[PDB]
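Here's the structure we're looking at; comments come further down.
Cβ sites come from the backbone with ideal geometry, for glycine too, and all protein chains shown count toward neighbours. Bear in mind that the values in this text are calculations on the coordinates, not laboratory data.
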Amino acid sequence: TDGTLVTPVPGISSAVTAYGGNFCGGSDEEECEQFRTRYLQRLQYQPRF
Amino acid sequence: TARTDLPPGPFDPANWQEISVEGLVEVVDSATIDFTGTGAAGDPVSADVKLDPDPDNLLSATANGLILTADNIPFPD
Amino acid sequence: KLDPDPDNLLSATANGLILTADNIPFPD
């Protein structure tokens, strides 16, 4: 939740807060087998809006 | 006094709160305003508008300020 | 400060603010 400002800027507090300590969105790369699907499946579906 | 748990760095007024001490001023009651107190803790500077204590002074002062309502006025009769 | 209007009944004395029916001009 509570982090610091690495570069001290004049007139700005050096203590920032994350909003809910929520950092969402991290993940890893793909292998050759996780990629067959997501390929051999983007070939069966046609997007639609 | 540091306002927050702050990392090393140069002094910045946005991170430090200045510690004052106290303050004593001089006040004199005016012709229409009464002053009380000296500004110290527990003895703060306060003011209140003083009205004429003339018996027929319809003007009065409740706990919310001056009042002159139409009820107590000797309307024509 | 009291508004110096011609018919402003509010007047300032050494004791305090005063208003009296003497100034209030009932229509009689």
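Rounded if a/c is under 1.5, else prolate if a/b is larger than b/c, else oblate: which is the protein assembly as shown, with a ≥ b ≥ c the root eigenvalues of its Cα gyration tensor?
Verdict is oblate for the protein assembly as shown.
Give me the distance in nm between label points sitting 7 Å out from Cα along the Cα-to-Cβ direction at B:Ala47 and A:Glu31, one decimal.
Reported label-point gap for B:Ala47 and A:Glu31 is 7.9 nm.
Of A:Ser13, A:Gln44, A:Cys24, which is farthest towards the positive pole of chain A's charge dipole, taken about the Cα centre with +1 and -1 on the beta-carbons of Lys, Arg and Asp, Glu respectively?
Result: A:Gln44.
What's the magnitude of the charge dipole for the protein assembly as shown around its Cα centre, counting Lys and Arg as +1 and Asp and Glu as -1 at the beta-carbon? Answer in Debye, nearest 20.
Magnitude of the dipole: close to 1420 debye.
Amide H to amide H under 5 Å from B:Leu59: which residues, 5+ apart in sequence or cross-chain, H placed 1.01 Å off N in plane?
So B:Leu59 has HN proximity to C:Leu19.
Identify, among B:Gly23, B:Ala70, B:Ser60, the residue whose Cα sits farthest towards the positive end of the charge dipole of chain B, taking +1 on the Cβ of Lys and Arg and -1 on the Cβ of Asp and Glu, with the dipole about the Cα centre.
B:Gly23
How many partner chain Cβ atoms sit within 10 Å of a residue's Cβ in peptide A:8-21, on average, as a whole number?
3
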